[PDB]
>>> print(open('start.cif').read())   # mmCIF, C-alpha atoms
data_work
#
loop_
_atom_site.label_atom_id
_atom_site.label_comp_id
_atom_site.auth_asym_id
_atom_site.auth_seq_id
_atom_site.Cartn_x
_atom_site.Cartn_y
_atom_site.Cartn_z
CA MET D 1 96.90 72.28 108.93
CA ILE D 2 94.50 74.96 107.74
CA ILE D 3 95.35 78.22 105.99
CA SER D 4 92.60 80.81 106.24
CA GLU D 5 91.77 84.42 107.03
CA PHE D 6 92.99 85.27 110.53
CA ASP D 7 90.11 85.66 113.00
CA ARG D 8 90.76 89.16 114.34
CA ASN D 9 88.21 88.58 117.08
CA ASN D 10 90.00 85.56 118.53
CA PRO D 11 92.14 86.97 121.38
CA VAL D 12 93.91 83.63 121.86
CA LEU D 13 94.96 83.55 118.20
CA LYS D 14 96.31 87.10 118.65
CA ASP D 15 98.17 86.05 121.80
CA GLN D 16 99.80 83.24 119.83
CA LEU D 17 100.80 85.59 117.00
CA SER D 18 102.26 87.76 119.73
CA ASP D 19 104.27 84.85 121.15
CA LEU D 20 105.36 83.80 117.66
CA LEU D 21 106.67 87.30 116.90
CA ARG D 22 108.47 87.57 120.25
CA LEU D 23 110.15 84.17 120.06
CA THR D 24 111.18 84.55 116.42
CA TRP D 25 112.58 88.07 116.75
CA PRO D 26 113.29 88.86 120.44
CA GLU D 27 115.03 92.23 120.19
CA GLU D 28 112.80 93.03 117.23
CA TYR D 29 109.35 92.37 118.71
CA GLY D 30 110.19 91.50 122.31
CA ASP D 31 108.60 94.72 123.55
CA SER D 32 106.27 95.93 120.78
CA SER D 33 104.86 92.41 120.37
CA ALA D 34 101.23 93.18 121.27
CA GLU D 35 101.44 96.57 119.59
CA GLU D 36 102.70 95.00 116.37
CA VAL D 37 99.83 92.50 116.39
CA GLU D 38 97.29 95.32 116.73
CA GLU D 39 98.87 97.05 113.74
CA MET D 40 98.64 93.81 111.78
CA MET D 41 94.94 93.52 112.66
CA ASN D 42 94.14 96.78 110.86
CA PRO D 43 91.00 96.21 108.70
CA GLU D 44 92.68 97.58 105.55
CA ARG D 45 95.38 94.91 105.77
CA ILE D 46 95.08 91.26 104.83
CA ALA D 47 95.86 88.81 107.64
CA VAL D 48 96.26 85.07 107.11
CA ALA D 49 96.85 82.30 109.63
CA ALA D 50 98.30 78.81 109.38
CA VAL D 51 96.67 76.84 112.19
CA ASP D 52 97.38 73.26 113.25
CA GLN D 53 95.60 71.53 116.16
CA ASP D 54 94.25 74.91 117.31
CA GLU D 55 97.83 76.23 117.39
CA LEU D 56 98.99 79.18 115.27
CA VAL D 57 102.06 77.83 113.44
CA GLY D 58 102.39 80.65 110.91
CA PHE D 59 101.18 84.08 109.83
CA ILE D 60 101.43 86.25 106.75
CA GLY D 61 100.03 89.70 106.11
CA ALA D 62 99.77 92.32 103.38
CA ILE D 63 99.41 96.11 103.45
CA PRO D 64 97.68 98.07 100.66
CA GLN D 65 100.33 100.70 99.79
CA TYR D 66 99.28 101.82 96.30
CA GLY D 67 95.51 102.02 96.03
CA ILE D 68 94.37 98.40 96.16
CA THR D 69 96.52 97.43 93.20
CA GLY D 70 99.93 97.45 94.89
CA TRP D 71 100.44 95.53 98.14
CA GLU D 72 103.37 94.98 100.45
CA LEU D 73 103.94 91.50 101.83
CA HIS D 74 104.52 91.99 105.55
CA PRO D 75 105.17 90.10 107.64
CA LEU D 76 105.78 86.39 107.11
CA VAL D 77 106.49 84.47 110.29
CA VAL D 78 106.51 80.68 110.57
CA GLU D 79 107.26 78.46 113.56
CA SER D 80 110.43 76.40 113.67
CA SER D 81 109.79 73.00 112.07
CA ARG D 82 110.80 70.69 109.23
CA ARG D 83 107.82 71.78 107.14
CA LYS D 84 108.59 75.48 107.64
CA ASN D 85 109.17 76.14 103.94
CA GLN D 86 106.00 74.29 102.98
CA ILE D 87 104.08 76.32 105.55
CA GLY D 88 105.55 79.55 104.20
CA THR D 89 104.81 78.53 100.62
CA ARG D 90 101.19 77.77 101.39
CA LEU D 91 100.93 81.07 103.27
CA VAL D 92 102.34 83.01 100.30
CA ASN D 93 100.05 81.28 97.78
CA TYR D 94 96.98 81.93 99.88
CA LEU D 95 97.99 85.59 100.32
CA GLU D 96 98.34 86.15 96.58
CA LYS D 97 94.81 84.81 96.08
CA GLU D 98 93.50 87.04 98.88
CA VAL D 99 95.32 90.07 97.46
CA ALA D 100 94.07 89.43 93.92
CA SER D 101 90.51 89.11 95.23
CA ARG D 102 90.72 92.63 96.65
CA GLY D 103 91.78 94.14 93.33
CA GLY D 104 95.50 93.61 93.79
CA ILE D 105 97.79 93.36 90.78
CA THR D 106 101.23 93.19 92.33
CA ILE D 107 102.86 92.24 95.62
CA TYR D 108 106.25 93.53 96.69
CA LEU D 109 108.43 93.07 99.73
CA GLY D 110 111.67 94.25 101.27
CA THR D 111 114.27 91.91 102.73
CA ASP D 112 117.76 92.21 104.15
CA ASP D 113 118.06 88.53 103.17
CA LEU D 114 119.47 87.59 106.58
CA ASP D 115 118.37 84.98 109.13
CA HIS D 116 117.49 86.60 112.46
CA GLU D 141 116.68 79.05 103.67
CA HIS D 142 117.70 82.59 102.68
CA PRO D 143 114.68 84.88 102.16
CA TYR D 144 115.94 85.76 98.68
CA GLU D 145 116.06 82.08 97.66
CA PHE D 146 112.63 81.46 99.19
CA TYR D 147 110.88 84.29 97.30
CA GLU D 148 112.86 83.75 94.10
CA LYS D 149 111.50 80.19 93.89
CA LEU D 150 107.99 81.57 94.30
CA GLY D 151 108.24 83.83 91.27
CA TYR D 152 109.37 87.07 92.93
CA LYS D 153 111.91 89.23 91.10
CA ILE D 154 114.25 91.97 92.27
CA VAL D 155 112.70 95.35 91.47
CA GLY D 156 115.07 97.54 93.46
CA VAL D 157 117.93 97.80 95.92
CA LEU D 158 118.58 100.30 98.73
CA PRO D 159 122.27 100.63 99.63
CA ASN D 160 123.13 101.36 103.24
CA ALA D 161 119.52 100.63 104.20
CA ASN D 162 120.58 98.69 107.29
CA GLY D 163 124.02 100.27 107.44
CA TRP D 164 126.91 100.98 105.09
CA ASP D 165 126.99 98.35 102.33
CA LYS D 166 124.19 96.54 104.20
CA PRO D 167 121.35 96.86 101.65
CA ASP D 168 117.74 95.87 101.57
CA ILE D 169 116.45 94.16 98.45
CA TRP D 170 112.97 94.80 97.09
CA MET D 171 111.24 91.96 95.26
CA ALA D 172 107.86 91.88 93.53
CA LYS D 173 105.48 89.74 91.51
CA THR D 174 102.44 90.38 89.34
CA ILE D 175 99.89 88.00 90.82
CA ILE D 176 97.26 87.94 88.06
CA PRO D 177 97.29 87.30 84.29
CA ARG D 178 97.62 90.17 81.83
CA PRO D 179 94.03 91.23 81.01
CA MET A 1 109.06 131.47 107.52
CA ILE A 2 110.44 129.03 110.07
CA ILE A 3 111.29 125.37 109.54
CA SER A 4 111.44 123.40 112.77
CA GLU A 5 110.35 120.24 114.56
CA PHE A 6 106.55 120.00 114.50
CA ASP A 7 105.01 120.66 117.94
CA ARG A 8 102.98 117.49 118.45
CA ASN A 9 101.26 119.08 121.43
CA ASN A 10 99.87 122.01 119.44
CA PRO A 11 96.32 120.94 118.47
CA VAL A 12 95.90 123.95 116.19
CA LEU A 13 99.04 123.03 114.24
CA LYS A 14 97.62 119.51 113.88
CA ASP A 15 94.29 120.90 112.72
CA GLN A 16 96.12 122.89 110.05
CA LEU A 17 98.10 119.84 108.90
CA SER A 18 94.73 118.12 108.71
CA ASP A 19 93.28 120.89 106.55
CA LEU A 20 96.41 120.94 104.39
CA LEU A 21 96.15 117.20 103.74
CA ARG A 22 92.42 117.38 102.97
CA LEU A 23 92.67 120.33 100.58
CA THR A 24 95.72 118.98 98.76
CA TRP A 25 94.41 115.44 98.31
CA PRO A 26 90.60 115.38 98.78
CA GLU A 27 89.75 111.80 97.82
CA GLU A 28 93.07 110.74 99.34
CA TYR A 29 92.81 112.28 102.82
CA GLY A 30 89.32 113.78 102.76
CA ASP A 31 88.09 111.23 105.30
CA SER A 32 91.19 109.84 107.04
CA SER A 33 92.58 113.36 107.48
CA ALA A 34 92.68 113.43 111.29
CA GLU A 35 93.63 109.76 111.41
CA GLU A 36 96.55 110.34 109.05
CA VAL A 37 97.80 113.23 111.20
CA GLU A 38 97.77 111.02 114.30
CA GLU A 39 99.82 108.43 112.43
CA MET A 40 102.27 111.14 111.42
CA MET A 41 102.59 112.23 115.06
CA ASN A 42 103.97 108.83 116.07
CA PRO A 43 107.04 109.42 118.34
CA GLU A 44 109.27 107.12 116.26
CA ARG A 45 108.71 109.29 113.18
CA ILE A 46 110.29 112.63 112.41
CA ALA A 47 107.82 115.48 111.85
CA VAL A 48 108.83 118.89 110.50
CA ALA A 49 106.75 122.01 109.98
CA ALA A 50 107.13 125.06 107.78
CA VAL A 51 105.30 127.86 109.59
CA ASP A 52 104.69 131.42 108.40
CA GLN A 53 102.77 134.02 110.43
CA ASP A 54 101.52 131.25 112.75
CA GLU A 55 100.16 129.41 109.71
CA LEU A 56 101.32 125.91 108.72
CA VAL A 57 102.36 126.28 105.07
CA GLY A 58 104.17 122.96 104.74
CA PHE A 59 104.97 119.63 106.36
CA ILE A 60 107.43 116.81 105.81
CA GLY A 61 107.87 113.59 107.73
CA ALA A 62 110.08 110.50 107.86
CA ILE A 63 109.49 106.94 109.06
CA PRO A 64 112.30 104.73 110.40
CA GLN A 65 111.89 101.57 108.27
CA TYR A 66 115.29 99.88 108.62
CA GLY A 67 116.64 100.26 112.14
CA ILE A 68 117.46 103.96 112.43
CA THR A 69 119.77 103.87 109.43
CA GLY A 70 117.16 103.66 106.66
CA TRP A 71 114.27 106.14 106.60
CA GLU A 72 111.32 106.70 104.31
CA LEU A 73 110.44 110.26 103.35
CA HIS A 74 106.69 110.52 103.88
CA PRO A 75 104.84 112.69 103.39
CA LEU A 76 105.77 116.03 101.85
CA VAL A 77 102.89 118.47 101.57
CA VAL A 78 103.26 122.17 100.78
CA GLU A 79 100.59 124.84 100.35
CA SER A 80 99.89 126.32 96.94
CA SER A 81 102.15 129.34 96.37
CA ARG A 82 104.90 130.75 94.18
CA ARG A 83 107.58 129.73 96.67
CA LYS A 84 106.26 126.16 96.91
CA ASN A 85 109.46 124.61 95.56
CA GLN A 86 111.61 126.69 97.88
CA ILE A 87 109.42 125.64 100.80
CA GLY A 88 109.72 122.00 99.79
CA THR A 89 113.47 122.30 99.33
CA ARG A 90 113.96 123.80 102.76
CA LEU A 91 111.71 121.09 104.23
CA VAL A 92 113.77 118.33 102.57
CA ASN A 93 117.10 119.82 103.69
CA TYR A 94 115.93 120.17 107.26
CA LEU A 95 114.61 116.59 107.24
CA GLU A 96 117.93 115.15 106.07
CA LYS A 97 119.67 116.92 108.97
CA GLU A 98 117.06 115.62 111.42
CA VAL A 99 117.34 112.09 110.02
CA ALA A 100 121.15 112.12 110.13
CA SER A 101 121.03 113.32 113.75
CA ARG A 102 119.05 110.22 114.70
CA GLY A 103 121.60 107.85 113.19
CA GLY A 104 120.15 107.85 109.69
CA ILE A 105 122.34 107.02 106.71
CA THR A 106 119.89 106.96 103.83
CA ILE A 107 116.47 108.34 102.94
CA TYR A 108 114.24 106.77 100.31
CA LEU A 109 110.81 107.53 98.95
CA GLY A 110 108.20 106.20 96.56
CA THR A 111 106.45 108.34 93.97
CA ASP A 112 104.03 107.79 91.12
CA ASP A 113 105.47 111.05 89.77
CA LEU A 114 102.01 112.48 89.11
CA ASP A 115 100.37 115.74 90.22
CA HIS A 116 97.23 115.07 92.26
CA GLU A 141 106.99 120.50 89.08
CA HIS A 142 107.03 116.71 88.65
CA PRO A 143 108.03 114.90 91.87
CA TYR A 144 110.78 113.07 89.98
CA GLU A 145 112.31 116.35 88.78
CA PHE A 146 112.01 117.86 92.27
CA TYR A 147 113.83 115.01 94.05
CA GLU A 148 116.34 114.49 91.25
CA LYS A 149 117.53 118.08 91.68
CA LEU A 150 117.96 117.44 95.39
CA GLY A 151 120.36 114.55 94.88
CA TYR A 152 117.92 111.62 94.97
CA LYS A 153 118.53 108.71 92.60
CA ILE A 154 116.28 105.96 91.31
CA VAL A 155 116.93 102.79 93.31
CA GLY A 156 113.99 100.73 92.08
CA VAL A 157 110.77 100.55 90.09
CA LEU A 158 107.53 98.67 90.76
CA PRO A 159 105.53 97.94 87.60
CA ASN A 160 101.76 97.90 87.88
CA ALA A 161 102.05 99.41 91.36
CA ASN A 162 99.15 101.79 90.72
CA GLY A 163 97.73 99.73 87.88
CA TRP A 164 98.96 98.05 84.72
CA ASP A 165 101.97 99.94 83.35
CA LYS A 166 101.34 102.57 86.06
CA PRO A 167 104.53 102.16 88.14
CA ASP A 168 105.84 103.70 91.30
CA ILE A 169 109.45 104.86 91.32
CA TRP A 170 111.65 104.52 94.38
CA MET A 171 114.36 107.13 94.91
CA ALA A 172 117.01 107.38 97.62
CA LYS A 173 119.97 109.38 98.86
CA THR A 174 122.81 108.79 101.29
CA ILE A 175 122.57 111.83 103.55
CA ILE A 176 125.95 111.71 105.30
CA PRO A 177 129.60 111.49 104.15
CA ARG A 178 131.34 108.12 103.85
CA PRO A 179 133.00 107.52 107.25
#
>>> encode(input="start.cif", output="structure tokens")
Amino acid sequence: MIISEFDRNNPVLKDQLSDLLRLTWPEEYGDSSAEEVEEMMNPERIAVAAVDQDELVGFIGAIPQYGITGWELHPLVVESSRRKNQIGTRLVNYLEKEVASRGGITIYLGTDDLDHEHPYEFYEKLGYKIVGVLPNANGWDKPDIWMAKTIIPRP
Amino acid sequence: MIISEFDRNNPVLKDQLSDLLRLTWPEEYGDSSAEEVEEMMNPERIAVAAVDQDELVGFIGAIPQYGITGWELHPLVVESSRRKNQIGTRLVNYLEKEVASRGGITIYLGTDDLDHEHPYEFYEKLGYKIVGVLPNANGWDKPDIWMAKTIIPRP
């Protein structure tokens, strides 16, 4: 497969991202599917696709939250398959390179660490470290964990 | 002055929020001023205005990030004046009530704690506690601090 910048002018690729979001998180994107995709296509954001045989099998994005130095990893969606983790890993590695090329220094993310491999385990193996916790985020005692990584060497 | 839900159908009130954002953070909203206001008017978000003599003197908003239980305080902008802190305080207190009424349990925020009273001091006195830190967020050693508060009693 190929990992590259998502072609925001390919309506079919956007339809597939839409279907991927809907099928992965029904009552989470089932209605705002197309709307979410448009948000993800915002020029300020980074958008990366994993394509195999002209089929979108994965997507990862990043949002510049603090200048162009601090970015939020969002979202990361990969099709169901036995190479899912490898797809995700390649998506993450490509994203870090993209982010760094736009002046990014650090990438953070928020996860409830639930399956809707545990997200925490996945990111921990990629070098991400817990930088914060929000209690009751998703409900009493149901926290959200924030993880981050400095994606470039100390100058 | 009066603190109440922002009338999203009042174009003059939106023009004033636009001017407030531009004048408070020139090279931060100087161009995306109107665009930022439209984002802030999104129906899912909470929008609160501080109005005095038909003049918008302050604004505070919240974004539902985790279901309807976890909300992000963003933004908080108050005009320059000697009652600025009191305006901000009343905005924050009204927001917490609004958030809680929509099923919210906790409110968090991110701050670089710089003046573009220190934001950290301001929120600390209102009951917000540090729940995380992102190093290099705004640049090397220039972190962003995340603060949060549970806005309703333990059931």
>>> resolve_selection(input="start.cif", expression="the PyMOL selection byres ((chain D and resi 72-89) around 10)", output="VMD selection string")
chain D and resid 1 to 3 17 20 to 21 23 to 25 40 45 to 51 56 to 66 70 to 71 90 to 96 99 106 to 110 141 146 to 147 149 to 150 171 to 172
>>> resolve_selection(input="start.cif", expression="the PyMOL selection byres ((chain A) within 10 of (chain D))", output="number ranges by chain")
A: 28, 65-71, 103-108, 110-112, 154-164, 167-174, 178-179
>>> atom_distance(input="start.cif", atom1="CA of residue 12 (chain D)", atom2="CA of residue 55 (chain D)")
9.5 Å
>>> calpha_fit_and_write(input="start.cif", fixed="chain D", moving="chain A", output="PDB file with C-alpha atoms, in the frame of the given file")
ATOM      1  CA  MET A   1      96.897  72.281 108.927  1.00  0.00           C
ATOM      2  CA  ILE A   2      94.497  74.963 107.742  1.00  0.00           C
ATOM      3  CA  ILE A   3      95.352  78.219 105.990  1.00  0.00           C
ATOM      4  CA  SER A   4      92.600  80.806 106.242  1.00  0.00           C
ATOM      5  CA  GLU A   5      91.768  84.422 107.024  1.00  0.00           C
ATOM      6  CA  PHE A   6      92.994  85.273 110.527  1.00  0.00           C
ATOM      7  CA  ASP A   7      90.108  85.663 113.009  1.00  0.00           C
ATOM      8  CA  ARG A   8      90.761  89.160 114.342  1.00  0.00           C
ATOM      9  CA  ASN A   9      88.206  88.584 117.081  1.00  0.00           C
ATOM     10  CA  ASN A  10      90.001  85.558 118.529  1.00  0.00           C
ATOM     11  CA  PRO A  11      92.147  86.961 121.377  1.00  0.00           C
ATOM     12  CA  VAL A  12      93.913  83.632 121.856  1.00  0.00           C
ATOM     13  CA  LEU A  13      94.966  83.557 118.196  1.00  0.00           C
ATOM     14  CA  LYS A  14      96.314  87.094 118.653  1.00  0.00           C
ATOM     15  CA  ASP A  15      98.163  86.055 121.795  1.00  0.00           C
ATOM     16  CA  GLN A  16      99.797  83.243 119.830  1.00  0.00           C
ATOM     17  CA  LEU A  17     100.798  85.586 116.992  1.00  0.00           C
ATOM     18  CA  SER A  18     102.265  87.758 119.727  1.00  0.00           C
ATOM     19  CA  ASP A  19     104.265  84.857 121.151  1.00  0.00           C
ATOM     20  CA  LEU A  20     105.357  83.805 117.663  1.00  0.00           C
ATOM     21  CA  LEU A  21     106.669  87.296 116.906  1.00  0.00           C
ATOM     22  CA  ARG A  22     108.472  87.573 120.254  1.00  0.00           C
ATOM     23  CA  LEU A  23     110.152  84.165 120.061  1.00  0.00           C
ATOM     24  CA  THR A  24     111.182  84.547 116.424  1.00  0.00           C
ATOM     25  CA  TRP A  25     112.584  88.065 116.749  1.00  0.00           C
ATOM     26  CA  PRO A  26     113.285  88.863 120.439  1.00  0.00           C
ATOM     27  CA  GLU A  27     115.038  92.229 120.192  1.00  0.00           C
ATOM     28  CA  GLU A  28     112.798  93.032 117.226  1.00  0.00           C
ATOM     29  CA  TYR A  29     109.347  92.373 118.711  1.00  0.00           C
ATOM     30  CA  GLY A  30     110.191  91.501 122.311  1.00  0.00           C
ATOM     31  CA  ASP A  31     108.594  94.721 123.554  1.00  0.00           C
ATOM     32  CA  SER A  32     106.268  95.928 120.778  1.00  0.00           C
ATOM     33  CA  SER A  33     104.855  92.413 120.370  1.00  0.00           C
ATOM     34  CA  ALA A  34     101.231  93.179 121.273  1.00  0.00           C
ATOM     35  CA  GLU A  35     101.448  96.573 119.593  1.00  0.00           C
ATOM     36  CA  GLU A  36     102.702  95.002 116.368  1.00  0.00           C
ATOM     37  CA  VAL A  37      99.827  92.498 116.392  1.00  0.00           C
ATOM     38  CA  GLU A  38      97.290  95.317 116.727  1.00  0.00           C
ATOM     39  CA  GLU A  39      98.870  97.045 113.740  1.00  0.00           C
ATOM     40  CA  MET A  40      98.640  93.809 111.780  1.00  0.00           C
ATOM     41  CA  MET A  41      94.941  93.521 112.661  1.00  0.00           C
ATOM     42  CA  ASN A  42      94.148  96.781 110.866  1.00  0.00           C
ATOM     43  CA  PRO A  43      91.003  96.209 108.696  1.00  0.00           C
ATOM     44  CA  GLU A  44      92.678  97.582 105.551  1.00  0.00           C
ATOM     45  CA  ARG A  45      95.379  94.905 105.767  1.00  0.00           C
ATOM     46  CA  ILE A  46      95.076  91.262 104.828  1.00  0.00           C
ATOM     47  CA  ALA A  47      95.862  88.811 107.642  1.00  0.00           C
ATOM     48  CA  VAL A  48      96.262  85.067 107.105  1.00  0.00           C
ATOM     49  CA  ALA A  49      96.849  82.301 109.622  1.00  0.00           C
ATOM     50  CA  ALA A  50      98.296  78.817 109.378  1.00  0.00           C
ATOM     51  CA  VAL A  51      96.671  76.837 112.190  1.00  0.00           C
ATOM     52  CA  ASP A  52      97.378  73.254 113.251  1.00  0.00           C
ATOM     53  CA  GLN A  53      95.607  71.530 116.159  1.00  0.00           C
ATOM     54  CA  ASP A  54      94.259  74.916 117.314  1.00  0.00           C
ATOM     55  CA  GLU A  55      97.828  76.232 117.399  1.00  0.00           C
ATOM     56  CA  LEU A  56      98.998  79.179 115.272  1.00  0.00           C
ATOM     57  CA  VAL A  57     102.058  77.836 113.436  1.00  0.00           C
ATOM     58  CA  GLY A  58     102.384  80.650 110.909  1.00  0.00           C
ATOM     59  CA  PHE A  59     101.178  84.076 109.832  1.00  0.00           C
ATOM     60  CA  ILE A  60     101.434  86.251 106.748  1.00  0.00           C
ATOM     61  CA  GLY A  61     100.035  89.699 106.111  1.00  0.00           C
ATOM     62  CA  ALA A  62      99.771  92.327 103.378  1.00  0.00           C
ATOM     63  CA  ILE A  63      99.412  96.113 103.448  1.00  0.00           C
ATOM     64  CA  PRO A  64      97.685  98.066 100.658  1.00  0.00           C
ATOM     65  CA  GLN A  65     100.336 100.694  99.790  1.00  0.00           C
ATOM     66  CA  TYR A  66      99.278 101.828  96.307  1.00  0.00           C
ATOM     67  CA  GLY A  67      95.504 102.023  96.030  1.00  0.00           C
ATOM     68  CA  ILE A  68      94.371  98.398  96.159  1.00  0.00           C
ATOM     69  CA  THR A  69      96.519  97.430  93.194  1.00  0.00           C
ATOM     70  CA  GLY A  70      99.934  97.449  94.887  1.00  0.00           C
ATOM     71  CA  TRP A  71     100.437  95.535  98.141  1.00  0.00           C
ATOM     72  CA  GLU A  72     103.373  94.978 100.449  1.00  0.00           C
ATOM     73  CA  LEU A  73     103.944  91.492 101.823  1.00  0.00           C
ATOM     74  CA  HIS A  74     104.517  91.985 105.543  1.00  0.00           C
ATOM     75  CA  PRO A  75     105.166  90.100 107.640  1.00  0.00           C
ATOM     76  CA  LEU A  76     105.780  86.394 107.114  1.00  0.00           C
ATOM     77  CA  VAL A  77     106.493  84.468 110.294  1.00  0.00           C
ATOM     78  CA  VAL A  78     106.509  80.677 110.567  1.00  0.00           C
ATOM     79  CA  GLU A  79     107.262  78.462 113.562  1.00  0.00           C
ATOM     80  CA  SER A  80     110.429  76.396 113.671  1.00  0.00           C
ATOM     81  CA  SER A  81     109.789  72.992 112.074  1.00  0.00           C
ATOM     82  CA  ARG A  82     110.795  70.690 109.238  1.00  0.00           C
ATOM     83  CA  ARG A  83     107.828  71.779 107.133  1.00  0.00           C
ATOM     84  CA  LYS A  84     108.590  75.481 107.640  1.00  0.00           C
ATOM     85  CA  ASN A  85     109.166  76.135 103.937  1.00  0.00           C
ATOM     86  CA  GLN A  86     105.999  74.296 102.978  1.00  0.00           C
ATOM     87  CA  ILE A  87     104.080  76.321 105.556  1.00  0.00           C
ATOM     88  CA  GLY A  88     105.547  79.542 104.201  1.00  0.00           C
ATOM     89  CA  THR A  89     104.814  78.526 100.624  1.00  0.00           C
ATOM     90  CA  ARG A  90     101.194  77.769 101.382  1.00  0.00           C
ATOM     91  CA  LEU A  91     100.933  81.075 103.272  1.00  0.00           C
ATOM     92  CA  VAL A  92     102.341  83.012 100.292  1.00  0.00           C
ATOM     93  CA  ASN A  93     100.050  81.275  97.782  1.00  0.00           C
ATOM     94  CA  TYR A  94      96.983  81.931  99.881  1.00  0.00           C
ATOM     95  CA  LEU A  95      97.991  85.585 100.318  1.00  0.00           C
ATOM     96  CA  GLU A  96      98.344  86.153  96.574  1.00  0.00           C
ATOM     97  CA  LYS A  97      94.806  84.810  96.080  1.00  0.00           C
ATOM     98  CA  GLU A  98      93.495  87.040  98.876  1.00  0.00           C
ATOM     99  CA  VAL A  99      95.317  90.072  97.464  1.00  0.00           C
ATOM    100  CA  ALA A 100      94.075  89.432  93.917  1.00  0.00           C
ATOM    101  CA  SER A 101      90.508  89.107  95.231  1.00  0.00           C
ATOM    102  CA  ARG A 102      90.720  92.627  96.646  1.00  0.00           C
ATOM    103  CA  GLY A 103      91.777  94.141  93.331  1.00  0.00           C
ATOM    104  CA  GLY A 104      95.498  93.602  93.792  1.00  0.00           C
ATOM    105  CA  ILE A 105      97.787  93.369  90.779  1.00  0.00           C
ATOM    106  CA  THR A 106     101.233  93.193  92.327  1.00  0.00           C
ATOM    107  CA  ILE A 107     102.856  92.239  95.620  1.00  0.00           C
ATOM    108  CA  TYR A 108     106.254  93.532  96.689  1.00  0.00           C
ATOM    109  CA  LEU A 109     108.425  93.070  99.732  1.00  0.00           C
ATOM    110  CA  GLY A 110     111.670  94.250 101.273  1.00  0.00           C
ATOM    111  CA  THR A 111     114.268  91.909 102.728  1.00  0.00           C
ATOM    112  CA  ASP A 112     117.759  92.204 104.146  1.00  0.00           C
ATOM    113  CA  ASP A 113     118.056  88.532 103.171  1.00  0.00           C
ATOM    114  CA  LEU A 114     119.467  87.588 106.573  1.00  0.00           C
ATOM    115  CA  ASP A 115     118.368  84.978 109.128  1.00  0.00           C
ATOM    116  CA  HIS A 116     117.495  86.600 112.456  1.00  0.00           C
ATOM    117  CA  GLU A 141     116.677  79.049 103.672  1.00  0.00           C
ATOM    118  CA  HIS A 142     117.702  82.586 102.679  1.00  0.00           C
ATOM    119  CA  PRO A 143     114.679  84.876 102.165  1.00  0.00           C
ATOM    120  CA  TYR A 144     115.943  85.754  98.684  1.00  0.00           C
ATOM    121  CA  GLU A 145     116.070  82.081  97.668  1.00  0.00           C
ATOM    122  CA  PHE A 146     112.626  81.459  99.186  1.00  0.00           C
ATOM    123  CA  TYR A 147     110.887  84.290  97.299  1.00  0.00           C
ATOM    124  CA  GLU A 148     112.859  83.746  94.101  1.00  0.00           C
ATOM    125  CA  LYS A 149     111.503  80.196  93.894  1.00  0.00           C
ATOM    126  CA  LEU A 150     107.994  81.566  94.303  1.00  0.00           C
ATOM    127  CA  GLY A 151     108.242  83.828  91.271  1.00  0.00           C
ATOM    128  CA  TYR A 152     109.371  87.069  92.935  1.00  0.00           C
ATOM    129  CA  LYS A 153     111.903  89.234  91.101  1.00  0.00           C
ATOM    130  CA  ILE A 154     114.243  91.962  92.270  1.00  0.00           C
ATOM    131  CA  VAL A 155     112.698  95.344  91.468  1.00  0.00           C
ATOM    132  CA  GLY A 156     115.072  97.539  93.455  1.00  0.00           C
ATOM    133  CA  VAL A 157     117.930  97.805  95.929  1.00  0.00           C
ATOM    134  CA  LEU A 158     118.577 100.300  98.728  1.00  0.00           C
ATOM    135  CA  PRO A 159     122.264 100.629  99.631  1.00  0.00           C
ATOM    136  CA  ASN A 160     123.129 101.359 103.239  1.00  0.00           C
ATOM    137  CA  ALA A 161     119.519 100.637 104.200  1.00  0.00           C
ATOM    138  CA  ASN A 162     120.586  98.691 107.292  1.00  0.00           C
ATOM    139  CA  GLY A 163     124.022 100.273 107.435  1.00  0.00           C
ATOM    140  CA  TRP A 164     126.907 100.977 105.090  1.00  0.00           C
ATOM    141  CA  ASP A 165     126.985  98.354 102.329  1.00  0.00           C
ATOM    142  CA  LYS A 166     124.186  96.538 104.206  1.00  0.00           C
ATOM    143  CA  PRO A 167     121.351  96.864 101.652  1.00  0.00           C
ATOM    144  CA  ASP A 168     117.734  95.871 101.578  1.00  0.00           C
ATOM    145  CA  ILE A 169     116.448  94.160  98.448  1.00  0.00           C
ATOM    146  CA  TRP A 170     112.974  94.802  97.093  1.00  0.00           C
ATOM    147  CA  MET A 171     111.235  91.962  95.264  1.00  0.00           C
ATOM    148  CA  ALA A 172     107.857  91.884  93.527  1.00  0.00           C
ATOM    149  CA  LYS A 173     105.478  89.746  91.510  1.00  0.00           C
ATOM    150  CA  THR A 174     102.447  90.382  89.335  1.00  0.00           C
ATOM    151  CA  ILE A 175      99.887  88.006  90.822  1.00  0.00           C
ATOM    152  CA  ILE A 176      97.257  87.948  88.068  1.00  0.00           C
ATOM    153  CA  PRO A 177      97.290  87.294  84.291  1.00  0.00           C
ATOM    154  CA  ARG A 178      97.616  90.174  81.827  1.00  0.00           C
ATOM    155  CA  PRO A 179      94.026  91.232  81.009  1.00  0.00           C
TER     156      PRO A 179
END
>>> resolve_selection(input="start.cif", expression="the PyMOL selection byres ((chain D and resi 18) around 10)", output="list in words")
residues 12, 13, 14, 15, 16, 17, 19, 20, 21, 22, 23, 29, 30, 32, 33, 34, 35, 36, 37 and 38 of chain D
>>> axis_aligned_box(input="start.cif", around="region 65-75 of chain A", padding_each_side="8 Å", output="lines of an AutoDock Vina configuration file")
center_x = 112.3
center_y = 106.3
center_z = 107.9
size_x = 30.9
size_y = 28.8
size_z = 25.1
>>> atom_distance(input="start.cif", atom1="CA of residue 41 (chain A)", atom2="CA of residue 166 (chain D)")
28.8 Å
>>> atom_distance(input="start.cif", atom1="CA of residue 42 (chain D)", atom2="CA of residue 8 (chain D)")
9.0 Å
>>> closest_residue(input="start.cif", among="D:11, D:27, D:175, D:54", to="residue 152 (chain D)", atoms="all atoms listed in the file")
D:175
